[PDB]
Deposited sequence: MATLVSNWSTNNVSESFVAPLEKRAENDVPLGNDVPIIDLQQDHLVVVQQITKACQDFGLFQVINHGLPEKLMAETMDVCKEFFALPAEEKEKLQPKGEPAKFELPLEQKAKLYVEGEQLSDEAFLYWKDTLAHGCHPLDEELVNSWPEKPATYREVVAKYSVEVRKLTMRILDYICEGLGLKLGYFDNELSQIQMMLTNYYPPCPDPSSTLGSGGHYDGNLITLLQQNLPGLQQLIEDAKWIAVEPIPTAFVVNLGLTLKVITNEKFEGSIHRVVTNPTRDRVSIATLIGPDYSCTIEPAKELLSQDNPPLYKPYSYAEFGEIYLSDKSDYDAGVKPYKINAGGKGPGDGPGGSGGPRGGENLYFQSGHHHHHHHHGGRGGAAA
């Protein structure tokens, strides 16, 4: 493996990470109150859960994974059209909603063993969809339907979260969910998995993420610096609560800290829908939940200012919010 991809010793993954048997799997076709209670418990104790019987068509999930795999099978010459000035774009502000291929890493500087296609999805209009990949031919029609369906499911989950917290329904149906970034992640086979990371350990900086996977590689950090493997369920969504939701709930909910490990023999594609605030938003603990017993743990901050730190400073998982901590 190229020196560029060698992770610092302490960040390298151990070869045998155990299955997370305690990852909540939540059936959304249970009675309404049972769903609210199970989602609430998962948000308080874990910050990562899977949803099944979630109402999003299994056929559409399969068609979306197919067209995403088809995109990454495209020739080099086609992929160049998504590389501004001949190279992948960087995860840095301004983060544009037009489709680009991205490189990612940490500044002991190293790169993640990953190619990412990213674009905005909300609101859908001709200008946005015309900025998506031209190939495969069916990408735009399949991913347009997928993005609307994933958003509908995410807003359902945010209203379950509202009921669990005692916030009015639709609390997040505003500026706090107006950006929908779809990240299609491609992990090619890696000759030295013991030295590399597909994705470094992170909170998602946004509000909430729905992740579609069909192969192993996703790992979560739980108490006592233990990593566990998240079982791939091809017809489920992994829900990762973001650092933004951790702040707004005043740490009543956990954020998901997770990473992706490489594989020596086979490639892997994942589809992450990252929903969260516009860069113009002010983030603070929900005042409705604050009291003398529950004082705010964060001062109000600019999401844009947070974003710059979150994307550049990887010294700690919550480096993005450290400047805004109080009490």
{"property": "Regions of the deposited sequence not represented in the model", "result": "1 to 12, 120 to 122, 343 to 385"}
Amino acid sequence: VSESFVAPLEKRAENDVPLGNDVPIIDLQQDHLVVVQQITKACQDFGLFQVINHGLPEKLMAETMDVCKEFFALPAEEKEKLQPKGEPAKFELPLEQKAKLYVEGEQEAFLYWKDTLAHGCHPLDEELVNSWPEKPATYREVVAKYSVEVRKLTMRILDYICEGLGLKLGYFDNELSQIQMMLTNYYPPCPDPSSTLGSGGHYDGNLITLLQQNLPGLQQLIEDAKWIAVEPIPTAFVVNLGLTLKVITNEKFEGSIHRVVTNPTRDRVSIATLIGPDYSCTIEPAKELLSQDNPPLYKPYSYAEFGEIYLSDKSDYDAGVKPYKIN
From here on, numbers count along this sequence of modelled residues.
property: Residue 223 dropped in a third or more of the other entries; result: yes
property: Higher-scoring stretch by recorded Cα B factor average, 266 to 274 or 286 to 294; result: 286 to 294
property: Between the two ranges 13 to 21 and 302 to 310, the one averaging a larger CA B factor in the entry; result: 13 to 21
property: Residue of maximum C-alpha B factor among 159, 204, 223, 104, per deposited coordinates; result: 223
property: Top residue by Cα temperature factor, when 217, 88, 193, 200 are compared in the entry; result: 193
property: Chain-relative CA temperature factor third for residue 168; result: highest
property: Chain-relative CA temperature factor third for residue 124; result: highest
property: Ranked C-alpha temperature factor of residue 242 among modelled chain residues, by third; result: lowest
property: Residue 251, C-alpha B-factor rank within chain (lowest, middle or highest third); result: middle
property: For residue 30, the third of its chain into which the C-alpha B factor falls; result: highest
